[PDB]
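For any residue, its number in our numbering is found by taking its place in the sequence shown, counting from 1, and adding 271.
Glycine included, every Cβ here is placed at the ideal spot set by N, Cα and C.
One structure below.
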Amino acid sequence: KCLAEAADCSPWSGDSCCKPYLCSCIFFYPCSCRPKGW
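So this is what it looks like as structure tokens:
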């Protein structure tokens, strides 16, 4: 199990982002797994 594209990430514990998506924690977008090279 893993977080798909545009999936909210767990603050301390939960599911990990699906590869090769990366959790984006930018300004406009909160911590959420986004595509690789979004």
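Buried versus exposed, by CB contacts within 10 Å (16 or more), residue i
i: residue 300; result: exposed
i: residue 289; result: exposed
Other residues of its chain near residue i: CB distance less than 8 Å, five sequence neighbours each side excluded
i: residue 295; result: 302, 303, 304, 305, 309
Rounded separation between residue i and residue j - CA only
i: residue 277; j: residue 287; result: 13 Å
i: residue 297; j: residue 275; result: 18 Å
Which of helix, strand or coil DSSP assigns to residue i
i: residue 278; result: strand
i: residue 284; result: coil
Close beta carbons around residue i, own chain, < 6 Å, minus the five adjacent residues each side
i: residue 279; result: 303
Residues of its chain near residue i, where Cβ-Cβ distance is below 7 Å and the 5 sequence neighbours each way are ignored
i: residue 293; result: 304, 305, 307
i: residue 273; result: 286, 287, 288, 289
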